[PDB]
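Turn this into a model:
(2 chains)
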Amino acid sequence: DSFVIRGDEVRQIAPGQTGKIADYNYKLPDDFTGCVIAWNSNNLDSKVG
Amino acid sequence: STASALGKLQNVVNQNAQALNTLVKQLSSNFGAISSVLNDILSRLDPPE
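Residues are numbered from 1 along each chain as shown, chains lettered A, B, ... in the order given. Sure, structure below:
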């Protein structure tokens, strides 16, 4: 599963985690197996406008 | 007239009553948890802890 989020919210992607994204957009199960990949796309996905 | 001649039966009754009473009394202990009542723990934390 793929998406793009803000830099501060990466800590909200964890089992048993709460916040604004983990409860309204994407919730992970408590016994989640698998794992998470995150990287930065500031110079590509951010525009001066 | 003279009492205390039936120590054995009274001792058996006292032993049973005391054992049951202390078994009931043990419910109030903490065992190192935050609280001794389940509802307070449930209604004050998310499930991870």
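
is chain B contacted by stretch A:30-46?
Yes. Using CB under 8 Å from any CB of the partner chain, we find that stretch A:30-46 touches chain B at residue A:30. In short, each C-beta sits where N, CA and C put it, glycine included.

er, stretch A:5-13 actually
No. Using CB under 8 Å from any CB, stretch A:5-13 stays clear of chain B, with a minimum separation of 13.5 Å.

what about that stretch, how long is it end to end?
11 Å (CA to CA, to the nearest Å).

Ok, stretch B:26-39 next?
In stretch B:26-39, first residue to last residue: 18 Å (CA to CA).

Show me what counts as buried in that stretch.
Residues of stretch B:26-39 include none that count as buried (16 or more other CB atoms under 10 Å in any protein chain shown).

tell me, how many neighbours does the closest residue to chain B within chain A end up with?
Relative to chain B, the nearest point of chain A is residue A:16 (4.1 Å; CB to the nearest CB). Other residues within reach of residue A:16, judged by other CB atoms under 10 Å in any protein chain shown, total 14.

That one contacts residue B:49, correct?
No. With contact defined as CB atoms under 8 Å, residue A:16 does not count as touching residue B:49 (9.1 Å).

Quick check: residues of chain B near chain A?
Close to chain A, as judged by CB under 8 Å from any CB, chain B has residues B:46-48.

are any of the residues you listed buried, and which?
Among the residues of chain B next to chain A, none scores as buried (criterion: 16+ other CB under 10 Å).
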